[PDB]
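Here you get one chain, nothing else, as structure tokens; it is the form deposited without the named molecule.
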């Protein structure tokens, strides 16, 4: 059990008092990812209810350049700064420039102290042994502050961040605590359901652009429409009922045998976007596109911001199916590999995993960047991609971490030799 929360609650009561007693400008810096926008929304709602006007800025990276610019505004009547999914790692520069500052972070800390001089407070649950890799997100840290004011309804946005940062399989620690609070206070219903019911669009559209999972023989409106018609589902239906689910699963198992991946615990939230999965996806797509303020408007439930969000999400999903259909996969005994576009190799690699591991790579300058990916059924059968990718050391290179995700870097001239060798090291099956 978590007496770690009692230790958390000491810092939250202080953050509350620091906000309640601050009568000047308040300045909120947050990130463009789902965890950042969610954090933005929770913070926005918390501060409006506490009668604080504030200026919200969304930032890609919190670099030295950006701290300096933020700092040039700290001479002119110094605002309280609230850093969201960031600040713990750049704290030395924040202390230097003498910001009146609150850091709400879950990235690994540089200073394992909550109270850093008068007028800096860092809430980073690593300091209490939580783990921002698996048990808490920024949305969640921001929610832990919101609770001190009695704003349990902001838990809905906390859950969006949990899904954003991929900390919902499995749901551990504080994240588990937050979801249970949201359920206790009636702001989320959790129910097992087929993945296609997340999108509240026509089922054939839900199936065609779905990448969780990506079933390639169904990845176009035509094929998905044919497939649904041939087994008696109204393809323009927006929710599959229990009878439809059976007909769908019964038939799809021939094209996609791992039925269990089509069934998901759905978070149904008290938010105009009724599905936390859908909201997470929407927020990520407006963030990818630099529509940060629209992002904040989706969190605040603006009808037009949501219409924009829906349009951008479905554009994003079409482009992603187009990029997947264009990958030239190459078989190699134990492994598929592909050459791909800078920034895309990892996300593509994880979507293309069925039976065997998948290594994507980009050739930039003198160097080849690999991203190797697998699944739980692959680690259970003996797979660790960390040891596989480490074989880069044999080619003058370096090789990455984790049993499913891992990367590597090798000279462009040694690609075919490296992949050959990573393939052999998957004798561990």
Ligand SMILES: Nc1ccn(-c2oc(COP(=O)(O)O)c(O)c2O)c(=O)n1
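If you superpose the two forms and keep the largest set of C-alpha atoms that fall within 1.5 Å, you have the rigid core. Positions refer to the first chain, counted from 1.
There is another form of the same protein, the form deposited with the named molecule bound; it is not shown, and what comes next is about it.
The named molecule in the entry with it bound comes within 4.5 Å of no heavy atom belonging to residue 396. Taking the partner from elsewhere, residue 405 is found to have a heavy atom lying within 4.5 Å of the named molecule in the entry with it bound. In the entry with it bound, the named molecule sits within 4.5 Å of a heavy atom belonging to residue 107. By the criterion of a heavy atom within 4.5 Å, residue 401 is counted among the residues contacting the named molecule in the entry with it bound. The stretch that touches the named molecule in the entry with it bound, counting heavy atoms within 4.5 Å, is 363 to 371, out of 363 to 371, 376 to 384, 49 to 57, 22 to 30. In a core superposition between the shown form and the other one, the Cα of 247 is the only one among 288, 97, 247, 78 shifting by 2 Å or more. With the core superposed, residue 234 shows a C-alpha displacement of at least 2 Å between the shown form and the other one.
Residue 415 shows a C-alpha shift of 2 Å or greater between the shown form and the other one [criterion: core-superposed Cα displacement of 2 Å]. With the core superposed, residue 356 shows a C-alpha displacement of at least 2 Å between the shown form and the other one.
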